Structures are given as structure tokens and as C-alpha cells.
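Asks: Got a file for you: data-v4.cif, mmCIF, N, CA and C atoms and all ligand atoms; chains and numbers go by the auth columns.
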data_structure
loop_
_atom_site.group_PDB
_atom_site.id
_atom_site.type_symbol
_atom_site.label_atom_id
_atom_site.label_comp_id
_atom_site.label_asym_id
_atom_site.label_seq_id
_atom_site.Cartn_x
_atom_site.Cartn_y
_atom_site.Cartn_z
_atom_site.B_iso_or_equiv
_atom_site.auth_seq_id
_atom_site.auth_asym_id
ATOM 1 N N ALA A 1 -11.762 -4.495 -8.530 0.00 1 S
ATOM 2 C CA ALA A 1 -12.516 -5.663 -9.062 0.00 1 S
ATOM 3 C C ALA A 1 -14.010 -5.373 -8.987 0.00 1 S
ATOM 4 N N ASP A 2 -14.713 -5.646 -10.077 0.00 2 S
ATOM 5 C CA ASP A 2 -16.148 -5.413 -10.118 0.00 2 S
ATOM 6 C C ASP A 2 -16.466 -3.966 -9.751 0.00 2 S
ATOM 7 N N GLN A 3 -15.673 -3.034 -10.277 0.00 3 S
ATOM 8 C CA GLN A 3 -15.871 -1.613 -9.993 0.00 3 S
ATOM 9 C C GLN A 3 -15.774 -1.349 -8.494 0.00 3 S
ATOM 10 N N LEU A 4 -14.840 -0.484 -8.106 0.00 4 S
ATOM 11 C CA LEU A 4 -14.647 -0.158 -6.697 0.00 4 S
ATOM 12 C C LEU A 4 -15.715 0.831 -6.216 0.00 4 S
ATOM 13 N N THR A 5 -16.126 0.695 -4.951 0.00 5 S
ATOM 14 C CA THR A 5 -17.149 1.577 -4.372 0.00 5 S
ATOM 15 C C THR A 5 -16.516 2.755 -3.639 0.00 5 S
ATOM 16 N N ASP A 6 -17.365 3.569 -3.024 0.00 6 S
ATOM 17 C CA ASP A 6 -16.898 4.716 -2.254 0.00 6 S
ATOM 18 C C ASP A 6 -16.270 4.242 -0.949 0.00 6 S
ATOM 19 N N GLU A 7 -16.940 3.281 -0.322 0.00 7 S
ATOM 20 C CA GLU A 7 -16.484 2.720 0.945 0.00 7 S
ATOM 21 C C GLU A 7 -15.119 2.058 0.789 0.00 7 S
ATOM 22 N N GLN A 8 -14.958 1.289 -0.276 0.00 8 S
ATOM 23 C CA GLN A 8 -13.694 0.617 -0.528 0.00 8 S
ATOM 24 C C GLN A 8 -12.630 1.637 -0.904 0.00 8 S
ATOM 25 N N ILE A 9 -13.079 2.768 -1.425 0.00 9 S
ATOM 26 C CA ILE A 9 -12.160 3.838 -1.795 0.00 9 S
ATOM 27 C C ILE A 9 -11.821 4.685 -0.577 0.00 9 S
ATOM 28 N N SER A 10 -12.845 5.220 0.069 0.00 10 S
ATOM 29 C CA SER A 10 -12.631 6.057 1.237 0.00 10 S
ATOM 30 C C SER A 10 -11.875 5.271 2.302 0.00 10 S
ATOM 31 N N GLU A 11 -12.262 4.011 2.500 0.00 11 S
ATOM 32 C CA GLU A 11 -11.590 3.172 3.481 0.00 11 S
ATOM 33 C C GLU A 11 -10.142 2.961 3.062 0.00 11 S
ATOM 34 N N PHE A 12 -9.922 2.773 1.760 0.00 12 S
ATOM 35 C CA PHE A 12 -8.574 2.596 1.239 0.00 12 S
ATOM 36 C C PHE A 12 -7.760 3.866 1.467 0.00 12 S
ATOM 37 N N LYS A 13 -8.385 4.989 1.149 0.00 13 S
ATOM 38 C CA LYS A 13 -7.758 6.297 1.288 0.00 13 S
ATOM 39 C C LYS A 13 -7.376 6.590 2.739 0.00 13 S
ATOM 40 N N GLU A 14 -8.296 6.340 3.661 0.00 14 S
ATOM 41 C CA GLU A 14 -8.012 6.576 5.073 0.00 14 S
ATOM 42 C C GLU A 14 -6.863 5.675 5.505 0.00 14 S
ATOM 43 N N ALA A 15 -6.887 4.447 5.006 0.00 15 S
ATOM 44 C CA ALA A 15 -5.846 3.481 5.321 0.00 15 S
ATOM 45 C C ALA A 15 -4.488 3.991 4.854 0.00 15 S
ATOM 46 N N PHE A 16 -4.449 4.523 3.642 0.00 16 S
ATOM 47 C CA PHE A 16 -3.209 5.020 3.061 0.00 16 S
ATOM 48 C C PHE A 16 -2.676 6.284 3.749 0.00 16 S
ATOM 49 N N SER A 17 -3.541 7.262 4.011 0.00 17 S
ATOM 50 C CA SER A 17 -3.089 8.482 4.687 0.00 17 S
ATOM 51 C C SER A 17 -2.654 8.136 6.095 0.00 17 S
ATOM 52 N N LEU A 18 -3.340 7.150 6.654 0.00 18 S
ATOM 53 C CA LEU A 18 -3.057 6.651 7.987 0.00 18 S
ATOM 54 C C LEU A 18 -1.643 6.073 8.022 0.00 18 S
ATOM 55 N N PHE A 19 -1.272 5.366 6.956 0.00 19 S
ATOM 56 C CA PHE A 19 0.065 4.786 6.872 0.00 19 S
ATOM 57 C C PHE A 19 1.112 5.866 6.596 0.00 19 S
ATOM 58 N N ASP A 20 0.667 7.048 6.185 0.00 20 S
ATOM 59 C CA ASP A 20 1.592 8.138 5.889 0.00 20 S
ATOM 60 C C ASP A 20 1.868 8.984 7.136 0.00 20 S
ATOM 61 N N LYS A 21 2.738 8.483 8.012 0.00 21 S
ATOM 62 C CA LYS A 21 3.062 9.193 9.255 0.00 21 S
ATOM 63 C C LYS A 21 3.205 10.698 9.026 0.00 21 S
ATOM 64 N N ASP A 22 3.955 11.084 7.997 0.00 22 S
ATOM 65 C CA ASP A 22 4.173 12.503 7.708 0.00 22 S
ATOM 66 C C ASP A 22 3.082 13.068 6.800 0.00 22 S
ATOM 67 N N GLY A 23 2.149 12.221 6.386 0.00 23 S
ATOM 68 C CA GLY A 23 1.066 12.677 5.523 0.00 23 S
ATOM 69 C C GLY A 23 1.609 13.437 4.318 0.00 23 S
ATOM 70 N N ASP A 24 2.723 12.952 3.766 0.00 24 S
ATOM 71 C CA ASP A 24 3.339 13.598 2.607 0.00 24 S
ATOM 72 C C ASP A 24 2.806 13.015 1.299 0.00 24 S
ATOM 73 N N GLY A 25 1.900 12.047 1.405 0.00 25 S
ATOM 74 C CA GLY A 25 1.327 11.422 0.220 0.00 25 S
ATOM 75 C C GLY A 25 2.249 10.344 -0.341 0.00 25 S
ATOM 76 N N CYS A 26 3.161 9.836 0.494 0.00 26 S
ATOM 77 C CA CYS A 26 4.089 8.795 0.055 0.00 26 S
ATOM 78 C C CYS A 26 4.350 7.789 1.168 0.00 26 S
ATOM 79 N N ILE A 27 4.364 6.510 0.799 0.00 27 S
ATOM 80 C CA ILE A 27 4.632 5.436 1.756 0.00 27 S
ATOM 81 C C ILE A 27 6.002 4.867 1.432 0.00 27 S
ATOM 82 N N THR A 28 6.904 4.895 2.400 0.00 28 S
ATOM 83 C CA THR A 28 8.241 4.352 2.200 0.00 28 S
ATOM 84 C C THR A 28 8.301 2.967 2.833 0.00 28 S
ATOM 85 N N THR A 29 9.346 2.213 2.528 0.00 29 S
ATOM 86 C CA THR A 29 9.462 0.863 3.061 0.00 29 S
ATOM 87 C C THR A 29 9.500 0.893 4.588 0.00 29 S
ATOM 88 N N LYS A 30 10.006 1.999 5.127 0.00 30 S
ATOM 89 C CA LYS A 30 10.094 2.175 6.577 0.00 30 S
ATOM 90 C C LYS A 30 8.702 2.271 7.191 0.00 30 S
ATOM 91 N N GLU A 31 7.869 3.113 6.588 0.00 31 S
ATOM 92 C CA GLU A 31 6.500 3.292 7.049 0.00 31 S
ATOM 93 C C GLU A 31 5.724 2.013 6.799 0.00 31 S
ATOM 94 N N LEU A 32 5.899 1.474 5.597 0.00 32 S
ATOM 95 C CA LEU A 32 5.255 0.229 5.235 0.00 32 S
ATOM 96 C C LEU A 32 5.778 -0.846 6.177 0.00 32 S
ATOM 97 N N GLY A 33 7.086 -0.805 6.430 0.00 33 S
ATOM 98 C CA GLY A 33 7.700 -1.758 7.342 0.00 33 S
ATOM 99 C C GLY A 33 7.147 -1.578 8.752 0.00 33 S
ATOM 100 N N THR A 34 6.994 -0.322 9.186 0.00 34 S
ATOM 101 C CA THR A 34 6.451 -0.052 10.518 0.00 34 S
ATOM 102 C C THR A 34 5.173 -0.855 10.669 0.00 34 S
ATOM 103 N N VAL A 35 4.372 -0.766 9.624 0.00 35 S
ATOM 104 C CA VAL A 35 3.094 -1.447 9.560 0.00 35 S
ATOM 105 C C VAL A 35 3.276 -2.958 9.444 0.00 35 S
ATOM 106 N N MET A 36 4.016 -3.408 8.437 0.00 36 S
ATOM 107 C CA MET A 36 4.239 -4.840 8.268 0.00 36 S
ATOM 108 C C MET A 36 4.866 -5.407 9.535 0.00 36 S
ATOM 109 N N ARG A 37 5.807 -4.657 10.100 0.00 37 S
ATOM 110 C CA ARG A 37 6.474 -5.052 11.338 0.00 37 S
ATOM 111 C C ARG A 37 5.463 -5.226 12.459 0.00 37 S
ATOM 112 N N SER A 38 4.651 -4.198 12.623 0.00 38 S
ATOM 113 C CA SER A 38 3.630 -4.182 13.660 0.00 38 S
ATOM 114 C C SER A 38 2.509 -5.178 13.364 0.00 38 S
ATOM 115 N N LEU A 39 2.461 -5.673 12.128 0.00 39 S
ATOM 116 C CA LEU A 39 1.407 -6.609 11.711 0.00 39 S
ATOM 117 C C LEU A 39 1.889 -8.064 11.791 0.00 39 S
ATOM 118 N N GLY A 40 2.696 -8.373 12.799 0.00 40 S
ATOM 119 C CA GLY A 40 3.179 -9.737 12.971 0.00 40 S
ATOM 120 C C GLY A 40 3.948 -10.206 11.746 0.00 40 S
ATOM 121 N N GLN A 41 4.169 -9.293 10.803 0.00 41 S
ATOM 122 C CA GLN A 41 4.899 -9.615 9.577 0.00 41 S
ATOM 123 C C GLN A 41 6.330 -9.090 9.680 0.00 41 S
ATOM 124 N N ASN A 42 7.265 -9.751 9.002 0.00 42 S
ATOM 125 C CA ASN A 42 8.665 -9.326 9.042 0.00 42 S
ATOM 126 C C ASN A 42 9.346 -9.539 7.694 0.00 42 S
ATOM 127 N N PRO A 43 8.970 -8.782 6.694 0.00 43 S
ATOM 128 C CA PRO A 43 9.580 -8.888 5.335 0.00 43 S
ATOM 129 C C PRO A 43 11.051 -8.492 5.332 0.00 43 S
ATOM 130 N N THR A 44 11.813 -9.050 4.398 0.00 44 S
ATOM 131 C CA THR A 44 13.215 -8.688 4.287 0.00 44 S
ATOM 132 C C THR A 44 13.297 -7.363 3.548 0.00 44 S
ATOM 133 N N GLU A 45 14.401 -6.665 3.688 0.00 45 S
ATOM 134 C CA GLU A 45 14.528 -5.363 3.045 0.00 45 S
ATOM 135 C C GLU A 45 14.428 -5.462 1.522 0.00 45 S
ATOM 136 N N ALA A 46 15.169 -6.387 0.926 0.00 46 S
ATOM 137 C CA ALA A 46 15.119 -6.553 -0.522 0.00 46 S
ATOM 138 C C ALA A 46 13.699 -6.861 -0.937 0.00 46 S
ATOM 139 N N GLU A 47 13.037 -7.651 -0.113 0.00 47 S
ATOM 140 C CA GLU A 47 11.672 -8.049 -0.382 0.00 47 S
ATOM 141 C C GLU A 47 10.741 -6.832 -0.446 0.00 47 S
ATOM 142 N N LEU A 48 10.874 -5.911 0.514 0.00 48 S
ATOM 143 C CA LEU A 48 10.025 -4.717 0.552 0.00 48 S
ATOM 144 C C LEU A 48 10.238 -3.866 -0.686 0.00 48 S
ATOM 145 N N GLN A 49 11.497 -3.746 -1.079 0.00 49 S
ATOM 146 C CA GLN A 49 11.844 -2.967 -2.267 0.00 49 S
ATOM 147 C C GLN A 49 11.258 -3.630 -3.500 0.00 49 S
ATOM 148 N N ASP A 50 11.435 -4.940 -3.575 0.00 50 S
ATOM 149 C CA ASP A 50 10.928 -5.714 -4.683 0.00 50 S
ATOM 150 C C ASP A 50 9.399 -5.658 -4.713 0.00 50 S
ATOM 151 N N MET A 51 8.789 -5.772 -3.535 0.00 51 S
ATOM 152 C CA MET A 51 7.334 -5.718 -3.431 0.00 51 S
ATOM 153 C C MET A 51 6.848 -4.383 -3.980 0.00 51 S
ATOM 154 N N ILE A 52 7.526 -3.328 -3.561 0.00 52 S
ATOM 155 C CA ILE A 52 7.215 -1.981 -4.016 0.00 52 S
ATOM 156 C C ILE A 52 7.451 -1.860 -5.520 0.00 52 S
ATOM 157 N N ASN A 53 8.561 -2.426 -5.980 0.00 53 S
ATOM 158 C CA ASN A 53 8.938 -2.357 -7.386 0.00 53 S
ATOM 159 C C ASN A 53 7.893 -2.981 -8.325 0.00 53 S
ATOM 160 N N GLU A 54 7.146 -3.970 -7.839 0.00 54 S
ATOM 161 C CA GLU A 54 6.123 -4.624 -8.639 0.00 54 S
ATOM 162 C C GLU A 54 4.962 -3.671 -8.919 0.00 54 S
ATOM 163 N N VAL A 55 4.727 -2.780 -7.972 0.00 55 S
ATOM 164 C CA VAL A 55 3.647 -1.801 -8.057 0.00 55 S
ATOM 165 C C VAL A 55 4.179 -0.458 -8.536 0.00 55 S
ATOM 166 N N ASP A 56 5.493 -0.335 -8.515 0.00 56 S
ATOM 167 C CA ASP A 56 6.140 0.902 -8.907 0.00 56 S
ATOM 168 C C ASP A 56 6.062 1.115 -10.417 0.00 56 S
ATOM 169 N N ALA A 57 4.900 0.800 -10.994 0.00 57 S
ATOM 170 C CA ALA A 57 4.682 0.963 -12.432 0.00 57 S
ATOM 171 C C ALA A 57 5.307 2.265 -12.919 0.00 57 S
ATOM 172 N N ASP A 58 5.457 3.209 -11.995 0.00 58 S
ATOM 173 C CA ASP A 58 6.034 4.514 -12.311 0.00 58 S
ATOM 174 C C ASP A 58 7.553 4.500 -12.148 0.00 58 S
ATOM 175 N N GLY A 59 8.032 3.828 -11.104 0.00 59 S
ATOM 176 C CA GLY A 59 9.475 3.753 -10.845 0.00 59 S
ATOM 177 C C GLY A 59 9.936 4.869 -9.906 0.00 59 S
ATOM 178 N N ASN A 60 9.301 4.966 -8.732 0.00 60 S
ATOM 179 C CA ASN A 60 9.658 5.994 -7.747 0.00 60 S
ATOM 180 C C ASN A 60 10.166 5.358 -6.450 0.00 60 S
ATOM 181 N N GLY A 61 9.825 4.088 -6.225 0.00 61 S
ATOM 182 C CA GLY A 61 10.268 3.389 -5.019 0.00 61 S
ATOM 183 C C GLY A 61 9.391 3.726 -3.820 0.00 61 S
ATOM 184 N N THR A 62 8.321 4.478 -4.058 0.00 62 S
ATOM 185 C CA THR A 62 7.387 4.842 -2.990 0.00 62 S
ATOM 186 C C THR A 62 5.971 4.668 -3.491 0.00 62 S
ATOM 187 N N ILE A 63 5.013 4.659 -2.573 0.00 63 S
ATOM 188 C CA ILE A 63 3.620 4.433 -2.949 0.00 63 S
ATOM 189 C C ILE A 63 2.787 5.702 -2.860 0.00 63 S
ATOM 190 N N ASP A 64 2.115 6.020 -3.960 0.00 64 S
ATOM 191 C CA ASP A 64 1.206 7.154 -3.999 0.00 64 S
ATOM 192 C C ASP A 64 -0.160 6.590 -3.625 0.00 64 S
ATOM 193 N N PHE A 65 -1.252 7.322 -3.812 0.00 65 S
ATOM 194 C CA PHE A 65 -2.547 6.746 -3.458 0.00 65 S
ATOM 195 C C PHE A 65 -3.051 5.787 -4.561 0.00 65 S
ATOM 196 N N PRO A 66 -3.079 6.175 -5.812 0.00 66 S
ATOM 197 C CA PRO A 66 -3.557 5.264 -6.897 0.00 66 S
ATOM 198 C C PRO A 66 -2.704 3.999 -7.000 0.00 66 S
ATOM 199 N N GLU A 67 -1.414 4.143 -6.717 0.00 67 S
ATOM 200 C CA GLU A 67 -0.510 3.008 -6.756 0.00 67 S
ATOM 201 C C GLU A 67 -0.899 2.058 -5.637 0.00 67 S
ATOM 202 N N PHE A 68 -1.422 2.655 -4.574 0.00 68 S
ATOM 203 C CA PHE A 68 -1.861 1.906 -3.415 0.00 68 S
ATOM 204 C C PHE A 68 -3.187 1.185 -3.705 0.00 68 S
ATOM 205 N N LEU A 69 -4.014 1.763 -4.580 0.00 69 S
ATOM 206 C CA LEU A 69 -5.285 1.126 -4.972 0.00 69 S
ATOM 207 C C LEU A 69 -5.007 -0.117 -5.823 0.00 69 S
ATOM 208 N N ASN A 70 -3.929 -0.053 -6.607 0.00 70 S
ATOM 209 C CA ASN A 70 -3.521 -1.183 -7.451 0.00 70 S
ATOM 210 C C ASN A 70 -3.047 -2.327 -6.567 0.00 70 S
ATOM 211 N N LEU A 71 -2.243 -1.933 -5.598 0.00 71 S
ATOM 212 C CA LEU A 71 -1.648 -2.826 -4.616 0.00 71 S
ATOM 213 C C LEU A 71 -2.717 -3.547 -3.801 0.00 71 S
ATOM 214 N N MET A 72 -3.696 -2.783 -3.361 0.00 72 S
ATOM 215 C CA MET A 72 -4.799 -3.322 -2.589 0.00 72 S
ATOM 216 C C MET A 72 -5.822 -4.001 -3.500 0.00 72 S
ATOM 217 N N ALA A 73 -5.885 -3.565 -4.757 0.00 73 S
ATOM 218 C CA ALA A 73 -6.823 -4.150 -5.711 0.00 73 S
ATOM 219 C C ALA A 73 -6.396 -5.565 -6.082 0.00 73 S
ATOM 220 N N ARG A 74 -5.088 -5.756 -6.196 0.00 74 S
ATOM 221 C CA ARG A 74 -4.537 -7.063 -6.519 0.00 74 S
ATOM 222 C C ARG A 74 -4.584 -7.953 -5.291 0.00 74 S
ATOM 223 N N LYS A 75 -4.344 -7.342 -4.138 0.00 75 S
ATOM 224 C CA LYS A 75 -4.353 -8.071 -2.877 0.00 75 S
ATOM 225 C C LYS A 75 -5.741 -8.641 -2.590 0.00 75 S
ATOM 226 N N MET A 76 -6.761 -7.830 -2.853 0.00 76 S
ATOM 227 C CA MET A 76 -8.148 -8.228 -2.624 0.00 76 S
ATOM 228 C C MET A 76 -8.538 -9.424 -3.504 0.00 76 S
ATOM 229 N N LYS A 77 -7.545 -10.049 -4.135 0.00 77 S
ATOM 230 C CA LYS A 77 -7.787 -11.200 -5.001 0.00 77 S
ATOM 231 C C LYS A 77 -8.666 -12.231 -4.310 0.00 77 S
ATOM 232 N N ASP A 78 -8.482 -12.381 -2.998 0.00 78 S
ATOM 233 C CA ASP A 78 -9.256 -13.348 -2.211 0.00 78 S
ATOM 234 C C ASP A 78 -10.659 -13.536 -2.782 0.00 78 S
ATOM 235 N N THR A 79 -10.796 -14.523 -3.661 0.00 79 S
ATOM 236 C CA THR A 79 -12.078 -14.810 -4.292 0.00 79 S
ATOM 237 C C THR A 79 -12.956 -15.648 -3.370 0.00 79 S
HETATM 238 CA CA CA B . 6.202 9.304 3.978 0.00 1 Z
HETATM 239 CA CA CA B . 5.338 3.954 -7.203 0.00 2 Z
#
Could the structure of this file be written out as C-alpha cells, please?
Replies:
Amino acid sequence: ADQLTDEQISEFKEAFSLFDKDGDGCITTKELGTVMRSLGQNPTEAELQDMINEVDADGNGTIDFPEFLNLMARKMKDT
């Protein structure tokens, strides 16, 4: 939104690699769940898949980095 900056990018990137326990460049529902779980959040399994599927514009069931920018870009909706 309003053109992303370096800080919002680098911070996003660090956040994403950070979520990648294996640093394989992919976030699975388990890793995402580890985080959501640890974040006082408790999504249902179907929900995580569905949540991923909304961003899975590609259809892989996992999150890459740009897919993660979309996810966080929409999330940052907080106007
Ligand atoms: Ca992974
Ligand atoms: Ca995807």
C-alpha cells in the first residue's frame, strides 16, 4: 500500500525467513501454525489451508516470499 519501503520489505523478509525453520523458502501450515499457535492464536486445520489457499494465487499450498508480501500487504489493511 502506498508503495512498500525497504524497511517494510527487509522487515517482512526477515520475518518470513524467520518463520522458515528449515530456511527452505517455504512456509507450511505447521510452521505457520507453530507461529499462530505460539501467537495466542489457534486456527483450525481447514482454516489454515483455506487461509493459505486465498493467497495461493499459484496453487502450491505453501508460502513463498512474494506470496507472503501479498499476505502481509492485505493484512496491513489497518487504515
Ligand atoms: Ca519450510
Ligand atoms: Ca502459494
Asks: Translate the PyMOL selection byres (((chain S and resi 72 and name CA) around 12) and not hetatm and name CA) into a concrete residue list for this structure, as a short mmCIF file (atom, residue, chain, number, x, y, z; two decimals) with N, CA and C atoms, in the frame of the given file.
Replies:
data_model
loop_
_atom_site.label_atom_id
_atom_site.label_comp_id
_atom_site.auth_asym_id
_atom_site.auth_seq_id
_atom_site.Cartn_x
_atom_site.Cartn_y
_atom_site.Cartn_z
N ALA S 1 -11.76 -4.50 -8.53
CA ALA S 1 -12.52 -5.66 -9.06
C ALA S 1 -14.01 -5.37 -8.99
N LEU S 4 -14.84 -0.48 -8.11
CA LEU S 4 -14.65 -0.16 -6.70
C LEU S 4 -15.72 0.83 -6.22
N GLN S 8 -14.96 1.29 -0.28
CA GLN S 8 -13.69 0.62 -0.53
C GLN S 8 -12.63 1.64 -0.90
N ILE S 9 -13.08 2.77 -1.42
CA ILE S 9 -12.16 3.84 -1.80
C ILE S 9 -11.82 4.68 -0.58
N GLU S 11 -12.26 4.01 2.50
CA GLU S 11 -11.59 3.17 3.48
C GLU S 11 -10.14 2.96 3.06
N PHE S 12 -9.92 2.77 1.76
CA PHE S 12 -8.57 2.60 1.24
C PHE S 12 -7.76 3.87 1.47
N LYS S 13 -8.38 4.99 1.15
CA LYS S 13 -7.76 6.30 1.29
C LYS S 13 -7.38 6.59 2.74
N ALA S 15 -6.89 4.45 5.01
CA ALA S 15 -5.85 3.48 5.32
C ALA S 15 -4.49 3.99 4.85
N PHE S 16 -4.45 4.52 3.64
CA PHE S 16 -3.21 5.02 3.06
C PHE S 16 -2.68 6.28 3.75
N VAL S 55 4.73 -2.78 -7.97
CA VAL S 55 3.65 -1.80 -8.06
C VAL S 55 4.18 -0.46 -8.54
N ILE S 63 5.01 4.66 -2.57
CA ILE S 63 3.62 4.43 -2.95
C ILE S 63 2.79 5.70 -2.86
N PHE S 65 -1.25 7.32 -3.81
CA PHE S 65 -2.55 6.75 -3.46
C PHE S 65 -3.05 5.79 -4.56
N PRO S 66 -3.08 6.18 -5.81
CA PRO S 66 -3.56 5.26 -6.90
C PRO S 66 -2.70 4.00 -7.00
N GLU S 67 -1.41 4.14 -6.72
CA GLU S 67 -0.51 3.01 -6.76
C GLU S 67 -0.90 2.06 -5.64
N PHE S 68 -1.42 2.66 -4.57
CA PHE S 68 -1.86 1.91 -3.42
C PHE S 68 -3.19 1.18 -3.70
N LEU S 69 -4.01 1.76 -4.58
CA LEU S 69 -5.28 1.13 -4.97
C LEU S 69 -5.01 -0.12 -5.82
N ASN S 70 -3.93 -0.05 -6.61
CA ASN S 70 -3.52 -1.18 -7.45
C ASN S 70 -3.05 -2.33 -6.57
N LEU S 71 -2.24 -1.93 -5.60
CA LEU S 71 -1.65 -2.83 -4.62
C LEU S 71 -2.72 -3.55 -3.80
N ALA S 73 -5.88 -3.56 -4.76
CA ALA S 73 -6.82 -4.15 -5.71
C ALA S 73 -6.40 -5.56 -6.08
N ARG S 74 -5.09 -5.76 -6.20
CA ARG S 74 -4.54 -7.06 -6.52
C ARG S 74 -4.58 -7.95 -5.29
N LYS S 75 -4.34 -7.34 -4.14
CA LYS S 75 -4.35 -8.07 -2.88
C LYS S 75 -5.74 -8.64 -2.59
N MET S 76 -6.76 -7.83 -2.85
CA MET S 76 -8.15 -8.23 -2.62
C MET S 76 -8.54 -9.42 -3.50
N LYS S 77 -7.54 -10.05 -4.14
CA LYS S 77 -7.79 -11.20 -5.00
C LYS S 77 -8.67 -12.23 -4.31
N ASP S 78 -8.48 -12.38 -3.00
CA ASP S 78 -9.26 -13.35 -2.21
C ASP S 78 -10.66 -13.54 -2.78
#
Asks: I'd like the neighbourhood of region 38-50 of chain S as a ChimeraX atom specification, where a residue qualifies if any of its atoms comes within 8 Å (using only N, CA and C atoms), though same-chain residues fewer than 4 positions away should be ignored.
Replies: /S:28-29,32-34,54-56,61
Asks: Store the residues of this selection in a file with N, CA and C atoms, as a JSON list (two decimals), keeping the file's coordinate frame.
Replies:
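Written output follows (out.json):
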[["chain", "number", "residue", "atom", "x", "y", "z"],
["S", 28, "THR", "N", 6.90, 4.89, 2.40],
["S", 28, "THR", "CA", 8.24, 4.35, 2.20],
["S", 28, "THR", "C", 8.30, 2.97, 2.83],
["S", 29, "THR", "N", 9.35, 2.21, 2.53],
["S", 29, "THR", "CA", 9.46, 0.86, 3.06],
["S", 29, "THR", "C", 9.50, 0.89, 4.59],
["S", 32, "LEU", "N", 5.90, 1.47, 5.60],
["S", 32, "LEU", "CA", 5.26, 0.23, 5.24],
["S", 32, "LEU", "C", 5.78, -0.85, 6.18],
["S", 33, "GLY", "N", 7.09, -0.80, 6.43],
["S", 33, "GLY", "CA", 7.70, -1.76, 7.34],
["S", 33, "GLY", "C", 7.15, -1.58, 8.75],
["S", 34, "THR", "N", 6.99, -0.32, 9.19],
["S", 34, "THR", "CA", 6.45, -0.05, 10.52],
["S", 34, "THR", "C", 5.17, -0.86, 10.67],
["S", 54, "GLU", "N", 7.15, -3.97, -7.84],
["S", 54, "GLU", "CA", 6.12, -4.62, -8.64],
["S", 54, "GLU", "C", 4.96, -3.67, -8.92],
["S", 55, "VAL", "N", 4.73, -2.78, -7.97],
["S", 55, "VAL", "CA", 3.65, -1.80, -8.06],
["S", 55, "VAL", "C", 4.18, -0.46, -8.54],
["S", 56, "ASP", "N", 5.49, -0.34, -8.52],
["S", 56, "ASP", "CA", 6.14, 0.90, -8.91],
["S", 56, "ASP", "C", 6.06, 1.12, -10.42],
["S", 61, "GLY", "N", 9.82, 4.09, -6.22],
["S", 61, "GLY", "CA", 10.27, 3.39, -5.02],
["S", 61, "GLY", "C", 9.39, 3.73, -3.82]]
Asks: Spell out the residues picked by the PyMOL selection byres (((not hetatm)) within 5 of (chain Z and resi 1)) here, as a list in words.
Replies: residues 22, 26, 27 and 28 of chain S
Asks: Please enclose the listed atoms of region 53-71 of chain S in an axis-aligned box, pad each side by 4 Å, and write out the centre and the three edge lengths in Å, rounded to one decimal, as JSON.
Replies:
{"center_x": 2.5, "center_y": 1.3, "center_z": -7.7, "size_x": 23.6, "size_y": 19.9, "size_z": 18.3}
Asks: Choose the residue, out of S:53, S:10, S:3, S:79, that has the smallest atom-to-atom separation from ligand CA 2 (chain Z); count only N, CA and C atoms and all ligand atoms.
Replies: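 Checking each of S:53, S:10, S:3, S:79 against ligand CA 2 (chain Z), counting only N, CA and C atoms and all ligand atoms, the winner is S:53.
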Asks: Using DSSP on the backbone coordinates, identify all residues within region 8-63 of chain S classified as alpha helix (DSSP H); present the result as a PyMOL selection string.
Replies: chain S and resi 8-19+29-38+45-55
Asks: Report the distance between CA of residue 35 (chain S) and CA of residue 5 (chain S) in Å, rounded to one decimal place.
Replies: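 CA of residue 5 (chain S) lies at a distance of 24.8 Å from CA of residue 35 (chain S).
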Asks: How would region 13-22 of chain S read, as a PDB file, in the frame of the given file, once N, CA, C and O atoms are built in?
Replies:
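Result saved to result-v4.pdb:
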ATOM      1  N   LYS S  13      -8.385   4.989   1.149  1.00  0.00           N
ATOM      2  CA  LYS S  13      -7.758   6.297   1.288  1.00  0.00           C
ATOM      3  C   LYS S  13      -7.376   6.590   2.739  1.00  0.00           C
ATOM      4  O   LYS S  13      -6.255   7.023   3.016  1.00  0.00           O
ATOM      5  N   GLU S  14      -8.296   6.340   3.661  1.00  0.00           N
ATOM      6  CA  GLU S  14      -8.012   6.576   5.073  1.00  0.00           C
ATOM      7  C   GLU S  14      -6.863   5.675   5.505  1.00  0.00           C
ATOM      8  O   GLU S  14      -5.976   6.090   6.247  1.00  0.00           O
ATOM      9  N   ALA S  15      -6.887   4.447   5.006  1.00  0.00           N
ATOM     10  CA  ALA S  15      -5.846   3.481   5.321  1.00  0.00           C
ATOM     11  C   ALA S  15      -4.488   3.991   4.854  1.00  0.00           C
ATOM     12  O   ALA S  15      -3.487   3.874   5.560  1.00  0.00           O
ATOM     13  N   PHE S  16      -4.449   4.523   3.642  1.00  0.00           N
ATOM     14  CA  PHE S  16      -3.209   5.020   3.061  1.00  0.00           C
ATOM     15  C   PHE S  16      -2.676   6.284   3.749  1.00  0.00           C
ATOM     16  O   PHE S  16      -1.487   6.360   4.052  1.00  0.00           O
ATOM     17  N   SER S  17      -3.541   7.262   4.011  1.00  0.00           N
ATOM     18  CA  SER S  17      -3.089   8.482   4.687  1.00  0.00           C
ATOM     19  C   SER S  17      -2.654   8.136   6.095  1.00  0.00           C
ATOM     20  O   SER S  17      -1.718   8.716   6.644  1.00  0.00           O
ATOM     21  N   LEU S  18      -3.340   7.150   6.654  1.00  0.00           N
ATOM     22  CA  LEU S  18      -3.057   6.651   7.987  1.00  0.00           C
ATOM     23  C   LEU S  18      -1.643   6.073   8.022  1.00  0.00           C
ATOM     24  O   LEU S  18      -0.900   6.278   8.982  1.00  0.00           O
ATOM     25  N   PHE S  19      -1.272   5.366   6.956  1.00  0.00           N
ATOM     26  CA  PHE S  19       0.065   4.786   6.872  1.00  0.00           C
ATOM     27  C   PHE S  19       1.112   5.866   6.596  1.00  0.00           C
ATOM     28  O   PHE S  19       2.309   5.627   6.746  1.00  0.00           O
ATOM     29  N   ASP S  20       0.667   7.048   6.185  1.00  0.00           N
ATOM     30  CA  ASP S  20       1.592   8.138   5.889  1.00  0.00           C
ATOM     31  C   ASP S  20       1.868   8.984   7.136  1.00  0.00           C
ATOM     32  O   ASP S  20       1.288  10.056   7.307  1.00  0.00           O
ATOM     33  N   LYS S  21       2.738   8.483   8.012  1.00  0.00           N
ATOM     34  CA  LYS S  21       3.062   9.193   9.255  1.00  0.00           C
ATOM     35  C   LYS S  21       3.205  10.698   9.026  1.00  0.00           C
ATOM     36  O   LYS S  21       2.662  11.497   9.788  1.00  0.00           O
ATOM     37  N   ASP S  22       3.955  11.084   7.997  1.00  0.00           N
ATOM     38  CA  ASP S  22       4.173  12.503   7.708  1.00  0.00           C
ATOM     39  C   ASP S  22       3.082  13.068   6.800  1.00  0.00           C
ATOM     40  O   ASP S  22       3.084  14.256   6.482  1.00  0.00           O
TER      41      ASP S  22
END
